Structures are given as C-alpha cells and as structure tokens.
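A.B. asks: Need coordinates for the following:
(2 chains)
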Amino acid sequence: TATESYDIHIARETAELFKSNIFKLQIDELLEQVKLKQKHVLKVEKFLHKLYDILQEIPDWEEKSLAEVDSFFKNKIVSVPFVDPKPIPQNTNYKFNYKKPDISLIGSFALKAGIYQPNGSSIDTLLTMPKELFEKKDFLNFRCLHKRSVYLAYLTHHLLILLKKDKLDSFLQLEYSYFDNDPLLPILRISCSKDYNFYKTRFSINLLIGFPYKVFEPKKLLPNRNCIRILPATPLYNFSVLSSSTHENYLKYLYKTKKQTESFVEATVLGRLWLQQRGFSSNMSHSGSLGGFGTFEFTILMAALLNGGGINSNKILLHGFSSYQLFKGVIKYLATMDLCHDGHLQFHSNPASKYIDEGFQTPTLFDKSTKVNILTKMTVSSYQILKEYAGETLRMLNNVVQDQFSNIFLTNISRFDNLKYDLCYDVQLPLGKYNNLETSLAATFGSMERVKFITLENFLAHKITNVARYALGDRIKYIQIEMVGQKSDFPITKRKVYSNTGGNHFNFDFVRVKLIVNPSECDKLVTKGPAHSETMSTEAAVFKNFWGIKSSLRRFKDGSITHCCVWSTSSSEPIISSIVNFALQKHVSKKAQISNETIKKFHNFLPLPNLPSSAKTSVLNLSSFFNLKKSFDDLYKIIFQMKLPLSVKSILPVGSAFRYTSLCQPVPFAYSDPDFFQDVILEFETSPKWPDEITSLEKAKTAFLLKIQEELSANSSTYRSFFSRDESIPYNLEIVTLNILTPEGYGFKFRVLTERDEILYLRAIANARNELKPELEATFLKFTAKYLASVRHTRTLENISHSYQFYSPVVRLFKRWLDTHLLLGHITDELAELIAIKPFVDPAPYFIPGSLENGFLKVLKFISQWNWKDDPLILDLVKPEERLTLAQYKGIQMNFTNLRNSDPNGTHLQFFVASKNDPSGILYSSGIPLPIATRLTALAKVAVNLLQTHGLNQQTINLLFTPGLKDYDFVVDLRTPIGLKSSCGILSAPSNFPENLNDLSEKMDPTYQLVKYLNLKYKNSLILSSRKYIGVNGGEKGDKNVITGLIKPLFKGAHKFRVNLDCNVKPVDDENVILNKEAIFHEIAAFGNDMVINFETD
Amino acid sequence: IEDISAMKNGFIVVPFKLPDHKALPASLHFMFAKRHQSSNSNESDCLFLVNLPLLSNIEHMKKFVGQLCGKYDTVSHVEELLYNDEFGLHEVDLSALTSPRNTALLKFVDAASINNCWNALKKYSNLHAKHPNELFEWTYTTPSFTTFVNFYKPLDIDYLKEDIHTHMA
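C.D. replies: Numbers count the residues shown, from 1 in each chain, chains lettered A, B, ... in the order given. This is the structure:
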C-alpha cells in the first residue's frame, strides 16, 4: 500500500540521514572541485565545429580493389591500419570505398558529464559509414573491419591535406590508436601542442568510425554465434562488429535516461572517480589489464537499474534518487548481484530490466534490444576484483561512524602494485616472433584459438591467468595478469602497434602476475586434488597431467586418499613462489623467467630462530610461541593449585609471546633475548589485610611470592627460580618479581596485583603538591600499562591475530625496523603494536594485508602520511565483518581535541593512539621526546620516497634497515666483550641454564644498562638512543651498539646560573652558564670506558 | 673565563681536569660550592655542591679534600655525602605520598673541618687563572662489564627473606 511504502521510505530516510547529509555536502564540494569550466567546453566546441566542416569537404572517391588501395597508399605518408589478419588478394573478392559520414558525438562530452582531468580527457566523435558501403555478408570474416580501416585511412589522408591548408597542422598532433584498446578498432586521435588551438582545455579528439544501426542482422552477431569461418563461437569479434553499430543507440538511451533522472550526471562523475582510483577503465582487459568496466559501463548499468533490475523486474533505482542514492545503489548491485558464474542482467535499450539467475561463466550485461553483451571487454578476473571492491565500498557506505568519503573517492590505490596486491611476480617471456611460437609457447596458438582470442596477447593473458588459477587454487583470492609496456598508440605511417621489446615481437615487455592472497590457505603444505578411485575420473586425469612429477597420492588424517602435491615451506619465500615458477614454465613457456626477489628480502629481515628446521618453516608458523605457551600452561596448573594463605584467583600472562609480537621468536634457553622473561600478573582472592601504604604493600606481595617459590623449590624442582627487582615504575622501589625458568627452557616473571594498588597510586597523585602531580601521574600511567591494561591489550591482540595472520610477522619486522633506527627504546612495544595493526583493522580502501611485504609497506606508508598534530589514530580492535559507537568515537575525538587545546603542536604528546581498550589515547605514547616522534615520521617519509623514486628492490630494501646516523650532536660506537647473537636464539644453539643463576647475567647486554642509566642521569638535557636488540642488530656476532645524542633545544644557549638547572654546565661569566659539551663527552666515554670504541662529535 | 673564581650568587667555581679517553681527541669539569645554611640538625657543617662529576661518591670526595689538605697544608675531615641522587631514583617519596637535582651536601665532621676546606677552596678557585696545570684531575670511577651485568643478577634470597620476614612482623 501507498501508506506502507511511505512509512518504510520515511523510516529508511531517517536511518540514513546522518551519513546521507554529510555525504551530500562532500559530493557538492568534490563536484565543484572537478567541474569543467564552460569556457573550455565552448573552446573545443569551436574546434569541433571547424572539424565537422573540414570532414564534410572530404570528397567521395571510388570503389577500389585491394590492389588499387595498396597502390593508392604505397606512395603516401599514411598507412592503412589493417587489423590482423590483414587482407590478401587471393581471399578478398569485395572492394573498398569512402563516402561522406554522418557525424555525431558520444560519451561523457555528449552527455555533458565531463570533468576537469589533469591528464586530460577524450571527446569521442562518431563517424558513421553510409549503409550502401556494405554488403549484408560484411559482418563475416573481417570484411566490414577491413572496409572500416581503409575508410579511416582515406579520411586520415584527406584530413591531413585540409589541415595543412588551414595552417592548423602546426599545433595539431595526429596518431592512430585503438578505441577502448580494441585492436579490431583503430581510430584517429587529434591532440594539441603548446583561435582553434584547444591545448589549455586538456581535450583530445577521437575519430571513431562506426557502422549504421542494424546494417548486419543482430541475431547473427550474438555471443554464441561464429562470424569467422575457418565452428567455435566468436564473442570477442562479434562484440567489436556489433557494438560499432550501436554507439548512437547507447547515446540516445543514456540521454533519455539523463533527462528522466535529475542526479544522473552527478552519479556518473562519482562512478568515474570511484573506478579511476581503483585502476578500472572501459579498455579491453583481455590483453592483460584491469578493466572492461569504465564510465560508459557504469552509466549503462545505472540506466538499466533505473528501469528494473530485480529478479522479478522491480526497479532498483528511482528517477528522483540523490546522486548518493544512485551511486550507493549501483555499488550495492555490483557487490551483491552476480553477473558472471551465477547470473546475469538483462535489459532493453529500446522492456523492464531483469536479473536472471543463470550465469554464462563470463561477465554479462545483456541488451535484448541490440544483442550486445555490454560487459564483453571484462575478464572473469577483472569482474571478480570489481565485485570485491564494490563489496568493500558498500561496507564503507554503511559505516555510520568513521568518515569514508576520502577512502571512497579521493585515494588512488593503483599507483603502487606492492600496496594494491600481496605478491607480484615479474615474468620474462622471450617468445620471439609469431613463427617461433611452436617451440616458445607450450600451448598451441592455431586457427581455432585465433578465431576465439583474436590476438596472441589475449590468448597469452588468458592462458597465464588460467594456469596460475588452477595451480594456486584456494591459496589466492584474486589474480591479475598485466602485460607491462603494452602500447595503444601508433603513427599514421604504421599499420599497427609494433614491438621488439622483451625478447619478443608482441605488444608487451614482460608479464606481471599480481595476487591477492588467502592467508588461511596460502602456505599450506598440500595442494589437494581429486579423490582417488578405481578408474581415473576426468578431474583426476587433468590433475595428474597438470602436475606431472609433482602429483602423488596421500592419506589424510580423516582416512581419505586423494591425488595431491606436497610442497616445502621456507622461511625465505611463500610456497606460492615455487608454484608460479613450476606452473608457468611447464604450461606457458619453457622460456619463462619468473622473479620475486622483494618478498625474499623482507622475509630475510625477520630474525631466523635457532630451532630445528627453522629455514624450512613458514613465516606464518607460530609453533615457537605455542611451545612457550604450552610450557607456561604446565606451570600455571602447579601455582594455581598451591595451598597458600590466600587462594590464587588469576594468573594472567601478559608478555609479548602471548600475543605473538616478540621481535625474535622465543627459543628454549635463549636468555640473552630482551623478551626472554615473559610478564605474568598474579592476583589472589580479595583481602582486607593488605597494607595501606606502598612499601608495606609491596613487601606483603613479596611475602606471598616467597611462599610460592618455597613450594615450587620443594616439590617442583625441575623449575628453577630467583627474585628480581623491577625498577621500571618510577619511585616504587620495592617491587619484586619471581622469575621462573621452566624445564622447557622458557622464562616467566610473576608480579602480584592487589585491589589496593590502584588506590595507593591515586592517593599519591591526590597528596602530591601541584608541582609534583605530573610526575605522580606519569608513575601511575606506567603502573596502569604494566599491571592493569596489559591483560586486555594481550587478550585483544591474541584473539584478533587469528583473523589477521600476517599481523604477527609484520609487527615483528616493524619492531626490527624501529630498532635498526634506534627508536624502539623510546617507543613502547604496545605503541609499535597498535601502529602496526592499523592496516589490518582499518585497511580501506586497500585490502587486509596478505603478505609480509604488503603489511610492512602499509605500516610505513601510514606513518608517512599521518599528521599527528592534526589527527588522532583511533582503532577498532576487532576481527573483520564491539565496534565503537558514534558517541564513543566522538568522545575519543574530543579527548584528542581537548589535549591539543593545551598542546597544539604536539610538543608534549605527539601520537594519540586510542581504542576501546584505551580511550585516553595516551597510555602507550606519553613521555616521548618530540625529536624522536619527528624522526620516526621523517624516516617513514624517507622510506616511502626511496621506494617511489628508485623502486622496490634488494638495494632499496637494504637501505630501509640502514641507520643514517646524521643530524646528531654526537655518535658513540660500542662493542660488548661477548657477542650475543647465538645466546639470543638467532641463527647466523642454547641448551641449558647455568649452574649458578648469577651467571645468567654474563650473557646479558651490558650496553642496555649503560644507556638506561645515561638516560636517567641526563634526562633533563640530552636525548640518547641505542639499539635494544644487540643480538639482532649488532652485526655478525651481535656485539656492536651505537649511542646517538641530541642536546635538547632548551640547552643550546646560555642561561642564568640556578641551583636547579640540572645540567653539566660551565660558566660564561659570573652570572650565566652554558652546557659543557667536553665534560659530558668525557663522562659518557668514562661511563662506557672499554666498551666505547669511537666517539664522533658535531 | 679563567678569571671566574666565584659566581655572583656566592658559589665558588671548582674545576677539575678531565682524564683522557682513547676515543676522544685538557678539558675541565666545573663543580660549584657554597656553605650550606640549615636549621636542620643533621645538615650541620655542610657544603652545598652543584654539578658533581659523574659517579661522585664519598671516597672520591675524601680524595679531593685530602689533595686540598696536602696542597694547602691544612686539616679537614669529611663525614658524609648527602642527597647524591645522580640518577633521580629517589626524587619523589612515593611511600610518604601513599600513606636540587644534580646537587648534594658534603658533610664535614666539625666546624673546623669545613672552615679549613672552604678556605682551601677559595685558593683552589683562583688556580684556573694563576696555575691551570695545578688543577686536580678527576678520575672517574669506570664501571666494568661485571658492574653493568650485575644489574641483571638475582636478589640475594637470604637478605630478601630477612627483610620481608622482619618488616611483616
């Protein structure tokens, strides 16, 4: 009913209003920003008018034999752009002629939907050859196309004459190209160099040669029909021929729809930009490009959805929809309504559009009026990717919290293949000439293939796609084959695009195979094939032939026996690399050379643990961490079950190993590793007997640890234990940890937490004089991070890591990178972890990372673009579709803006990083010196720039992990007397704990303590940085460290002598003093003494 | 600069020659000293010292005062170095709250000891100008490998047990 409909409509409007209104204003602004100025439209319309005159003056010539046209052109500059197969005298009875064309405009310019493009835009001018130039059999065997090419050539010759005459040839540029990069459809392109000069408008003019509507029986050109007699259907060929007859038809259809629908043009601009950012266009995708779906296809789809589109032909879009509603509705349809394997859309350009739930296994948008499949230019692989981008955009459009406009329209994700995709393989294919293919190509490219695929390039891209898809199975989600160096333009003096690059005579330099990985399956040992039975099924025969020597039979745990291939894991590369190499060399070309060295370099920058079969262990394998947890679990039981004066309530392990983030994988007995001792929080049942002052409280806690240690030593003597001071909570001098060494070779440090602790820190803040409150706040923050927030941080990251399998190795590599640049000492592990998770929990408009390279580069890219003065980082630490609500998100944003009100430049707090775990945004990022924050940003920019400039390769990757050590006041080289690489558990093996536990210390980093105490002494005046992981980053033996020093800007000039200056100073007169550099240098040299090898000063 | 023996606020300038290090290319460290005024009983006969050299301790300060006594044939006995918290570890009394950085006091055994030292320091402060080579070298305590790794060692269990057992009684 009308009232029912109205109520639903109002309910929906209200539900969508918040985002709808915001989006509209953003849309309005974008459209103004990209608006074509009327002066430019008018200026090209002036040239277009002259062009029409000139063209109208080209005289008809005469019916000519192929011999005659050949003679006509032989002596002239212009060549006929005959398509392959070019006509031979022996097989061409018909003849050729030119007569005056009907001129018309098509495309965006004709629909007045043009936008300002820095790169420029094309105006498509349609020149229809008269019907009498055609015989009704001309749709067959390239006849109409050869007629078309001569027609274009004759036109181009006479146009050149007439342009010379009007003096226009001095600023005009003429060249051949292919319409939509379709090699069957050469066109002429006119462009301007620096009154009819339209250079400043950024337009180019394409002269499209078309056929009259319905010159050939449309039913004879259906996708399932053959039109090249050699029979196999010729859908590619048929599309080129049939659509050459429908250009005006579609312009009329789109113009009519535009007139009916107020926001059509605006929605068209939104579609164009959305597709453009994602690397899509109308260009032919069959020859190794991402596309077949550009502005034209978007508008045709939108128009179809404005006249039905449901499974029962119901309207999807209404004529009164805002541009937001139109765009969103098209995206939603693309996301959810399958047009390839499971269905297709039928429409009538001349009646209601109907979704039909049978698929043709190729992208299909079928016009019942014209018999054209609008989506012919799209490969299956291009369509699958389009549908995923549509799904992601639909999710973004439904986000009622974080603003997605920039992600949707304003972010080019296509600039860098290594960010857009997870793995990219460069494939050299020196196939030689066409006559060489019998040996250079493993598959036959014969008569049937040429008829179906038209070009070798189409055949080759499809072959490589099909081979890689079958070989990789569920290891991947999406694939693109790219013909790199492919050209679309060629001189008017040439028949076609010619190439001799890449050791071949085809239109590409090499091929790039680009993958979106499936992390749950990508590095599995077994490629599963068909079931084994008595006689070979077709599927099993195919599998066996495809894999050859790699194929075997295997019994699975469930009792099944199937054909399979078994691969070897490697720490250095994904199994995918082996498979691509094997499959391409076997089934594409024996001459194929496959390389992907970038992924190996990133893999090899993760420290290799000294564990059995380490070099053969997947980067995705977490066994090291699982084995540590298993050891902990055994100890947990013993302590939890102990009879003590209070019962144990909780034992909560909170160390980096429990959330898979430790820089090095844990190795038994590797006690040199900074992360060897894993923190555990121990809580007893509540008790009113805990002391009400911090010294007595800590001693009471220690008394319980003593009882635990006593019981452990008595009845569980394969565990060893000792007590250690924790000096990291400033001014709490009595904290003791119980350090337990398990028989499996792992270390755990236990601290007690009571319900009294937080109360005492809060009381200390309340009691402190105003001047001191900041220091007590900082102490309380350190306490909170260690004892309170560590449990939720660890539980959250452990849990969601299962949905983000590449996060663990990515964050570990990120920490390694931070430590190589001496930053890790100032950046908490939690802050590093939360920055690194950004590309995983908030990937848009990219996909979630599916390789080590992809994730790591995304973290650096994020940092490079993060203006931490202006913007917070707010994370929804959840698995992919508990999320922050609108109110919660705005409340966190207000924490940031409040902070910036009194800290507008981020002098006190730079990186605001918040989540549901920490809405304050400052728990893990407080107390960082400003120069350290700026250096981190600077290094990320340096990294991104190095890669944009010099590309991603072995040399530039090495540079990412090399410190520059420039712009420092001083640099000190240290060497420890004993190398720690081995005892850190890194392969360049620890086997026991020392007899005397006092000797654990002999394999610990003395330079860590050195730098710790230097920072404590000189906190007021200097910033000192060093490596935290000497085993990892201290060279071949793990014995070299560096200290860099910065004098705080506060101490570069003189000051009044005051008793509380807290700086090593010298007098400059009897009233004023200045920092004394020479004395400080001698102090530092003396402090490190024999370990100080070199000391450089600015 | 050599002519600056005392600062305007009453602090005497007390320079030391810095020992050589293999890794560095005769520089001075400047400590500052003034007589301490305190109505507090345990802060009697003290010099307030600003900018003590790295890792200053009672042994180093006794050596210094002894060199002064030898040079100027005088008698001065040092009792204690007070409030030398070079690493800032005791800057806030968390214990009290839950119920002068880079400076210290050098305490002498009696009024005569400090007076003698103070007179000797006055003459010491004029050496920079008159006889710079007569300034005393400060030889830093130089922590060994063992000293740095000691920070990692277990707490002594028997000391700990005793400490905890007694405090809890």
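A.B. asks: any idea how far the spatially closest residue to residue A:396 that is not a sequence neighbour lies from chain B?
C.D. replies: Leaving aside its chain neighbours, residue A:396 sits nearest to residue A:404 (4.0 Å; criterion: CB to CB, 6 or more residues apart in numbering or on different chains). C-beta: built from backbone N, CA, C; applies to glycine. Here residue A:404 is placed at a distance of 47 Å from chain B (CB to the nearest CB, to the nearest Å).
A.B. asks: Could I get the contacting residues of residue A:404?
C.D. replies: A:396, A:397, A:844 (CB atoms under 8 Å, 6 or more residues apart in numbering or on different chains).
A.B. asks: now what about the helix or strand hosting residue A:795, what contacts it?
C.D. replies: Under the criterion of DSSP states H and E, residue A:795 resides in helix A:789-801. Applying CB under 8 Å, 6+ apart, the contact partners of helix A:789-801 are A:652-655, A:658-661, A:679, A:681, A:807-808, A:830, A:833, A:837, A:841, A:877-879, A:915, A:917-918, A:923.
A.B. asks: try 6 Å
C.D. replies: A:652, A:654, A:658, A:659, A:660, A:807, A:808, A:830, A:877, A:879, A:917 (CB atoms under 6 Å, 6 or more residues apart in numbering or on different chains).
A.B. asks: can you put those in TSV and add distance to chain B and neighbour count?
C.D. replies: Compiled in TSV, the contacts of helix A:789-801 are given as follows (distance: CB to the nearest CB, whole Å; neighbours: other CB atoms under 10 Å in any protein chain shown):
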residue	distance to chain B	neighbour count
A:652	24	17
A:654	21	21
A:658	23	22
A:659	25	26
A:660	26	22
A:807	31	26
A:808	28	24
A:830	23	23
A:877	33	21
A:879	39	13
A:917	27	18
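A.B. asks: and of those residues, the nearest to residue A:608?
C.D. replies: Checking the contacts of helix A:789-801 against residue A:608 with CB to CB, the nearest one is residue A:808 at 15.2 Å.
A.B. asks: how close does the closest one sit to residue A:606?
C.D. replies: From residue A:808 across to residue A:606, the span is 10 Å (CB to CB, to the nearest Å).
A.B. asks: which residues in the stretch 301-450 of chain A form strands?
C.D. replies: Ranges of strands in the stretch 301-450 of chain A, per DSSP state E, counting those that start in this stretch, are A:344-347, A:354-356, A:365-367, A:372-373, A:423-428.
A.B. asks: Pull the last one out as PDB, backbone CA atoms only.
C.D. replies: In other words, strand A:423-428. Taking Å, rounded to 0.1, in the frame of the first residue of the first chain, the C-alpha atoms of strand A:423-428 are listed here in PDB:
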ATOM      1  CA  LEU A 423      52.500 -10.700  -4.200                       C
ATOM      2  CA  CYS A 424      53.800  -9.600  -7.600                       C
ATOM      3  CA  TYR A 425      55.900 -11.800 -10.000                       C
ATOM      4  CA  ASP A 426      57.700 -10.400 -13.000                       C
ATOM      5  CA  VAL A 427      57.600 -13.000 -15.800                       C
ATOM      6  CA  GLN A 428      60.000 -12.600 -18.700                       C
END
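A.B. asks: strand partners of it, parallel vs antiparallel please.
C.D. replies: Strands that pair with strand A:423-428, judged by DSSP bridges, come out as strand A:510-517 (antiparallel), strand A:593-595 (antiparallel).
A.B. asks: Surely residue A:694 is in contact with residue B:98?
C.D. replies: Yes. Counting by CB atoms under 6 Å, residue A:694 does reach residue B:98; the two are 4.2 Å apart.
A.B. asks: Overlap of the contact sets of these two?
C.D. replies: Counting by CB under 6 Å, 6+ apart, the residues touching both residue A:694 and residue B:98 are residue A:760.
A.B. asks: Check the offset of the longest strand along chain B from the chain's centre.
C.D. replies: Across chain B, the longest stretch assigned as strand under DSSP state E is strand B:28-35. The chain centroid and the centroid of strand B:28-35 are separated by 10 Å, computed with CA atoms, centre = their mean, to the nearest Å.
A.B. asks: Which residue, neighbours along the chain excluded, lies closest to residue 123?
C.D. replies: Looking at chain A here, since you left the chain open. residue A:109 (4.5 Å).
A.B. asks: nope, chain B please
C.D. replies: residue B:72 (6.3 Å).
A.B. asks: Helix, strand, or coil at residue A:527?
C.D. replies: Judged by DSSP: H, G, I helix; E, B strand; the rest coil, the three-state class of residue A:527 is strand.
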